[PDB]
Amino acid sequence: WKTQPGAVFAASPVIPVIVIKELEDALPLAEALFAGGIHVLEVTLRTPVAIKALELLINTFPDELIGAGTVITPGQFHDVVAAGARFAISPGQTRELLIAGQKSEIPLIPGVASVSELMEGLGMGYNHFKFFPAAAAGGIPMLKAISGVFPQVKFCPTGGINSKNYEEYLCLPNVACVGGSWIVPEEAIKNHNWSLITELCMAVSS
């Protein structure tokens, strides 16, 4: 790991959760994010073209922190490493995935939602996690309770984070950044509203 997990969190207060259904949208969406001050991109493995979109983004804009999300299996993890991803994010964790991230060249950010899941990740050497789905898995009260026992663990809450609540999450001492789709809404991507997306990103990156 040359890129440290903490670098995936320090890049932006908000990590955009990107769903790319059409490959032609990948590059103009990325340029819109860059113009809006966002230099970390999580390309989720949720569509057939996602791997090709990740490859296209890394080939075109290699000096951005472009990684993959929804990495569920070791096989997907090796696929995104091979595609050039700078990091891998998962909505949860498995033992196999945690093992795979130990010997990897790029950081894995596993997802957890209970103290035992956190402790399993900690035992494997991980101390940067996604908290997912944050709003449905206990929200701010959960993160405060965890902070009292694991003050040094750092989280990126994702899932139900939006304009109205994201500052409340960011203010927590164990929250390094948040993630969500509200700055890259699917409707604006589908309809090529790139300048709008820049404006939504500017509202959170300034």
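One-based numbering along the sequence shown.
Trainee: Per the PDB record, is the mean Cα temperature factor higher over 196-204 or over 3-11?
Mentor: Higher mean C-alpha B-factor: 3-11.
Trainee: Take the C-alpha B-factors listed in the entry for 12-20 and for 185-193, compute each mean, and give the stretch with the larger one.
Mentor: The stretch with the larger average C-alpha B-factor is 185-193.
Trainee: Can you pull the Cα B-factors for 170, 35, 68, 57 from the entry and say which is highest?
Mentor: Highest C-alpha B-factor among the listed residues goes to 170.
Trainee: In terms of recorded Cα temperature factor, pick the maximum from 30, 50, 178, 146.
Mentor: Comparing C-alpha B-factors across 30, 50, 178, 146, the top value belongs to 146.
Trainee: Quick check on the deposited entry: does the C-alpha B-factor of residue 164 sit in the lowest, middle or highest third of its chain?
Mentor: It falls in the top third of the chain.
Trainee: Is the Cα B-factor recorded for residue 128 in the lowest, middle or highest third of its chain?
Mentor: As the PDB entry reports it, the C-alpha B-factor of residue 128 lands in the lowest third of its chain.
Trainee: Based on the deposited C-alpha B factors for this chain, I'd like to know if residue 85 is in the lowest, middle or highest third.
Mentor: Its C-alpha B-factor, which the entry lists for residue 85, ranks in the middle third among residues of this chain.
Trainee: Just say lowest, middle or highest third for the CA B-factor of residue 96 relative to the other modelled residues in its chain.
Mentor: For residue 96, whose C-alpha B-factor we compare with every modelled residue in the chain, the answer is the middle third.
Trainee: Lowest, middle or highest third: which one holds residue 174 when the chain's residues are ordered by CA B-factor from the entry?
Mentor: Within its chain, residue 174 is a middle-third residue by C-alpha B-factor, going by the deposited values.
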